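**Q** Mind looking over this structure? Questions follow.
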Amino acid sequence: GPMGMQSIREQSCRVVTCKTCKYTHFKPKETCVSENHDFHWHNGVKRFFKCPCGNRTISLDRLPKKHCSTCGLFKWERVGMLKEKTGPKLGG
Ligand SMILES: [Zn+2]
Ligand SMILES: [Zn+2]
């Protein structure tokens, strides 16, 4: 087998700061688009997380602030790459 890996389990992607609410994320919220807030787009790097019940999330920070949507506690663990960036074209 080959040597390494030499890379780290993250990936670079385009991200956005809402100037009206002062948060940074991968996209504006549906409420931020509907109320039509101002935002600045730029590139960043993202971090992947898992909860012990099997629930999942992602942040631009080293840990998310939010409680679990499935069991209601706070037990997020940092996890690695999803083994693919995306599938075929889908949705609208
Ligand atoms: Zn906003
Ligand atoms: Zn959970």
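In the structure tokens, each chain is lettered A, B, ... as it comes, each chain's residues begin at 1, and ligands are numbered from 1 in order of appearance.
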Show me which residues sit within 7 Å of ligand 2 when counting only C-alpha atoms and all ligand atoms, and put them as a PyMOL selection string.
**A** chain A and resi 51-55+68-73
**Q** Can I get the selected residues back with C-alpha atoms, as a PDB file, in the first residue's frame?
**A**
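File produced: again-v7.pdb:
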ATOM      1  CA  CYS A  51     -23.645  12.523  18.715  1.00  0.00           C
ATOM      2  CA  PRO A  52     -23.715   9.088  20.581  1.00  0.00           C
ATOM      3  CA  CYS A  53     -27.393   8.488  19.450  1.00  0.00           C
ATOM      4  CA  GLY A  54     -26.204   8.620  15.747  1.00  0.00           C
ATOM      5  CA  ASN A  55     -27.246  12.277  14.982  1.00  0.00           C
ATOM      6  CA  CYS A  68     -29.022  17.608  19.742  1.00  0.00           C
ATOM      7  CA  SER A  69     -32.176  17.684  17.539  1.00  0.00           C
ATOM      8  CA  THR A  70     -32.819  13.929  18.261  1.00  0.00           C
ATOM      9  CA  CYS A  71     -32.162  13.370  22.037  1.00  0.00           C
ATOM     10  CA  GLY A  72     -31.853  16.977  23.414  1.00  0.00           C
ATOM     11  CA  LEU A  73     -28.481  16.787  25.297  1.00  0.00           C
TER      12      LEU A  73
END
**Q** Can you list, as a ChimeraX atom specification, every protein, DNA or RNA residue that comes within 7 Å of stretch 80-87 of chain A when you count only C-alpha atoms, leaving out same-chain residues fewer than 6 positions away?
**A** /A:9-10,48
**Q** At most 8 Å is the cut-off: for each residue in chain A with any atom that close to an atom of ligand 1, write down the nearest atom pair and the distance in Å rounded to one decimal, counting only C-alpha atoms and all ligand atoms, chain first then increasing number, as JSON lines.
**A**
{"residue": "A:18", "atom": "CA", "partner": "ligand 1", "partner_atom_place_in_ligand_line": "1 (Zn)", "distance": 5.0}
{"residue": "A:19", "atom": "CA", "partner": "ligand 1", "partner_atom_place_in_ligand_line": "1 (Zn)", "distance": 6.9}
{"residue": "A:20", "atom": "CA", "partner": "ligand 1", "partner_atom_place_in_ligand_line": "1 (Zn)", "distance": 5.1}
{"residue": "A:21", "atom": "CA", "partner": "ligand 1", "partner_atom_place_in_ligand_line": "1 (Zn)", "distance": 4.4}
{"residue": "A:22", "atom": "CA", "partner": "ligand 1", "partner_atom_place_in_ligand_line": "1 (Zn)", "distance": 7.2}
{"residue": "A:23", "atom": "CA", "partner": "ligand 1", "partner_atom_place_in_ligand_line": "1 (Zn)", "distance": 7.5}
{"residue": "A:28", "atom": "CA", "partner": "ligand 1", "partner_atom_place_in_ligand_line": "1 (Zn)", "distance": 7.0}
{"residue": "A:29", "atom": "CA", "partner": "ligand 1", "partner_atom_place_in_ligand_line": "1 (Zn)", "distance": 7.1}
{"residue": "A:31", "atom": "CA", "partner": "ligand 1", "partner_atom_place_in_ligand_line": "1 (Zn)", "distance": 7.3}
{"residue": "A:32", "atom": "CA", "partner": "ligand 1", "partner_atom_place_in_ligand_line": "1 (Zn)", "distance": 4.4}
{"residue": "A:33", "atom": "CA", "partner": "ligand 1", "partner_atom_place_in_ligand_line": "1 (Zn)", "distance": 7.9}
{"residue": "A:37", "atom": "CA", "partner": "ligand 1", "partner_atom_place_in_ligand_line": "1 (Zn)", "distance": 5.3}
{"residue": "A:38", "atom": "CA", "partner": "ligand 1", "partner_atom_place_in_ligand_line": "1 (Zn)", "distance": 7.4}
{"residue": "A:39", "atom": "CA", "partner": "ligand 1", "partner_atom_place_in_ligand_line": "1 (Zn)", "distance": 7.8}
**Q** Would you output that residue set with N, CA, C and O atoms, as a compact mmCIF listing (two decimals), in the first residue's frame?
**A**
# COMPACT_ATOMS: atom_id res chain seq x y z
N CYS A 18 -23.44 36.58 7.56
CA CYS A 18 -24.58 37.50 7.61
C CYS A 18 -24.17 38.75 8.40
O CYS A 18 -23.78 38.68 9.57
N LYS A 19 -24.23 39.91 7.76
CA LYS A 19 -23.86 41.20 8.35
C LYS A 19 -24.96 41.76 9.27
O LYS A 19 -24.67 42.63 10.09
N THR A 20 -26.20 41.26 9.15
CA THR A 20 -27.36 41.68 9.97
C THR A 20 -27.41 40.93 11.30
O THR A 20 -27.70 41.56 12.32
N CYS A 21 -27.09 39.63 11.33
CA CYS A 21 -27.09 38.80 12.55
C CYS A 21 -25.69 38.53 13.14
O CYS A 21 -25.57 38.12 14.29
N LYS A 22 -24.62 38.76 12.36
CA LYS A 22 -23.20 38.67 12.73
C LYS A 22 -22.69 37.22 12.98
O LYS A 22 -21.73 37.01 13.72
N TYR A 23 -23.33 36.21 12.35
CA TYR A 23 -22.85 34.81 12.32
C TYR A 23 -22.18 34.45 10.98
O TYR A 23 -22.52 35.03 9.95
N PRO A 28 -26.60 31.25 3.85
CA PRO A 28 -27.59 32.02 4.61
C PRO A 28 -28.80 31.13 4.91
O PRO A 28 -29.16 30.25 4.12
N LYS A 29 -29.44 31.36 6.06
CA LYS A 29 -30.70 30.69 6.40
C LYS A 29 -31.85 31.13 5.48
O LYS A 29 -31.88 32.24 4.93
N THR A 31 -34.76 32.06 6.42
CA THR A 31 -35.23 33.29 7.07
C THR A 31 -34.37 34.50 6.69
O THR A 31 -34.94 35.55 6.39
N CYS A 32 -33.05 34.37 6.64
CA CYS A 32 -32.13 35.43 6.22
C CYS A 32 -32.30 35.81 4.73
O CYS A 32 -32.20 36.98 4.38
N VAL A 33 -32.61 34.83 3.88
CA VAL A 33 -32.95 35.07 2.46
C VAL A 33 -34.34 35.71 2.33
O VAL A 33 -34.49 36.65 1.55
N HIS A 37 -31.57 39.84 4.48
CA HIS A 37 -30.38 40.33 5.18
C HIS A 37 -29.20 40.52 4.22
O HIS A 37 -29.14 39.90 3.16
N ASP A 38 -28.26 41.39 4.57
CA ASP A 38 -26.99 41.55 3.84
C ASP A 38 -26.00 40.47 4.28
O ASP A 38 -25.89 40.18 5.47
N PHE A 39 -25.24 39.90 3.33
CA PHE A 39 -24.19 38.92 3.62
C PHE A 39 -22.94 39.11 2.74
O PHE A 39 -23.04 39.50 1.58
**Q** With DSSP run on the backbone, what are the strand (DSSP E or B) residues within stretch 31-73 of chain A? I'd like them as a list in words.
**A** residues 39, 40, 41, 42, 43, 44, 45, 47, 48, 49, 50, 56, 57, 58 and 59 of chain A
**Q** Give me the residues near residue A:44 as a list in words, where near means some atom within 12 Å (using only C-alpha atoms) and where sequence neighbours in that chain fewer than 3 positions away do not count.
**A**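 Residues near the query, excluding close chain neighbours: residues 10, 11, 12, 13, 14, 15, 16, 17, 24, 25, 26, 27, 41, 47, 59, 60 and 61 of chain A.
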**Q** Write the selection just made, keeping C-alpha atoms, as an mmCIF file, in the first residue's frame?
**A**
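Writing done, so here's again_35.cif:
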data_model
loop_
_atom_site.group_PDB
_atom_site.id
_atom_site.type_symbol
_atom_site.label_atom_id
_atom_site.label_comp_id
_atom_site.auth_asym_id
_atom_site.auth_seq_id
_atom_site.Cartn_x
_atom_site.Cartn_y
_atom_site.Cartn_z
ATOM 1 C CA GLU A 10 -11.139 18.568 6.421
ATOM 2 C CA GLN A 11 -12.050 20.306 3.103
ATOM 3 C CA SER A 12 -12.126 23.944 1.850
ATOM 4 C CA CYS A 13 -15.545 25.374 0.746
ATOM 5 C CA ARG A 14 -17.289 28.751 0.130
ATOM 6 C CA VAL A 15 -18.878 30.209 3.314
ATOM 7 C CA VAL A 16 -20.863 33.352 4.280
ATOM 8 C CA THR A 17 -21.134 35.952 7.086
ATOM 9 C CA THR A 24 -20.658 32.841 9.805
ATOM 10 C CA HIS A 25 -21.893 29.587 8.134
ATOM 11 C CA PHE A 26 -21.851 27.530 4.843
ATOM 12 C CA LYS A 27 -25.035 29.320 3.525
ATOM 13 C CA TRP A 41 -19.282 35.444 0.894
ATOM 14 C CA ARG A 47 -15.321 20.513 10.864
ATOM 15 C CA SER A 59 -19.442 23.722 12.013
ATOM 16 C CA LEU A 60 -16.708 26.214 10.973
ATOM 17 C CA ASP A 61 -15.609 26.286 14.693
#
